[PDB]
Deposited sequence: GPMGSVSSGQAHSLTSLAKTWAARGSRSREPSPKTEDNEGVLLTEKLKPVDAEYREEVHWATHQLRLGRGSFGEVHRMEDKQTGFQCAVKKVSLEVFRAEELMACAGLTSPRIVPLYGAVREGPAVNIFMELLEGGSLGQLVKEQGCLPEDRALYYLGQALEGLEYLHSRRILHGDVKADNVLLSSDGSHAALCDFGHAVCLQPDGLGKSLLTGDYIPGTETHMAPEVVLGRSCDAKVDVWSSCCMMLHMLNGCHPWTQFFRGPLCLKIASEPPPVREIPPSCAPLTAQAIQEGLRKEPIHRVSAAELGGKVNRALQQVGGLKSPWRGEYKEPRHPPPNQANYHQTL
């Protein structure tokens, strides 16, 4: 059956789902079961207009019929369901990670319920604006790294850090990490891995070497270059596949715009060190990014300003 409760009940129940009628745990007052049940189109209803596409399923705006509260729902098949989806975001203290409202299995699918962020993704903002000004880029990279810092401290690796997996609030002030389908647990180094976006992959993952929290740091600076240039790393210079180039070529520091401040350029360099032992952690890179943001003048640029042309 489907009960109200707390994160540990959901995670241990997530292990039984990932190991393989209506069961789960709702972690918030907004979503309420009726007679210990919670079923699609019966106790809650999906909206027709889709929110987007996740890694292992489409994301929809839903609405609880009793309470009237709306949330995001990602339907993931049991055949591709990973317990790390919920363990990466269940009961987290950080505001820079999209909070889990609950997870409920209904037959062959698992319905993951998450808080709505109405501002769209950072990827959509970059597509619309063309590219973001330096202070806006630093600001969002700073908040992404606060989220990563917190995840890494809890032995969780995101595994697909990019603009599409960073949601924004309506006013652009708050940013948070979403989509934990590539999430991996860390031991006192990584375990089993699902591949993220090729352009954001660290050299250690392509070389087949042992990976750790520093993979998300590499990806976060690839996301920084994307924000600044309007295009992913590598793609202006090479055509796919990129794995042999990522392994052999120098890190894409040449894609740092020359307009950038000293501390911004230096921050991107330390985050894009090829050897993960030489590469800064999330917490360390976050410090550099905050200091670089202060150097440039803080967050001055307007929320959805003019269209800056991407690099060609």
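| field | Regions of the deposited sequence not represented in the model | value | No coordinates exist for the deposited residues in 1-4, 25-36, 205-211, 336-347, so these stretches are absent from the model.
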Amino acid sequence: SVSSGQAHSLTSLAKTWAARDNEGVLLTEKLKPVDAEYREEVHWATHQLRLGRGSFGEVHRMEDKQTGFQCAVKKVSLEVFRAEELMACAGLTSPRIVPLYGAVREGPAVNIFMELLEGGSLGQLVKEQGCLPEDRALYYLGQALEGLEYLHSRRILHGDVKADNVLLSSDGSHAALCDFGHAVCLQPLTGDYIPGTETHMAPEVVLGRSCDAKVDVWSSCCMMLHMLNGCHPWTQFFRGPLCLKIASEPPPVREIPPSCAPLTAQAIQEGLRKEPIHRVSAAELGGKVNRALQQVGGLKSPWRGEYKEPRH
From here on, numbers count along this sequence of modelled residues.
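| said: Please compare 75-83 with 130-138 and say which has the higher mean C-alpha temperature factor in the record. | reply: Result of the comparison: 75-83.
| query | On average, which has the higher Cα B-factor in the deposited entry, 248-256 or 23-31? | reply | Averaging CA B-factors over each stretch, the winner is 23-31.
| field | Selection from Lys162, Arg239, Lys214, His232 [criterion: highest C-alpha temperature factor in the record] | value | The listed residue with the largest C-alpha B-factor is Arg239.
| request: Tell me which of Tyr150, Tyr193, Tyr101, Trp218 tops the list for C-alpha B factor in the record. | output: Max CA B-factor in the entry, restricted to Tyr150, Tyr193, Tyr101, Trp218: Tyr193.
| said: Sorting by Cα B-factor within the chain, modelled residues only, which third would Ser281 end up in: lowest, middle or highest? | reply: Lowest third of the chain for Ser281's C-alpha B-factor.
| task | Place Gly91 in the lowest, middle or highest third of its chain's C-alpha B-factors, as listed in the PDB entry. | result | It belongs to the highest third of the chain when residues are ordered by C-alpha B-factor.
| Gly57 - which third its CA temperature factor falls in, relative to the rest of the chain | Highest third, going by the recorded CA B-factors of the chain.
| task | Could you look up the Cα B-factor of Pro203 in the entry and say which third of the chain it sits in: lowest, middle or highest? | result | Ranked within chain, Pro203 CA B lands in the lowest tercile.
| With respect to C-alpha B-factor, does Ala36 fall in the lowest, middle or highest third of the chain as deposited? | Its C-alpha B-factor, which the entry lists for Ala36, ranks in the highest third among residues of this chain.
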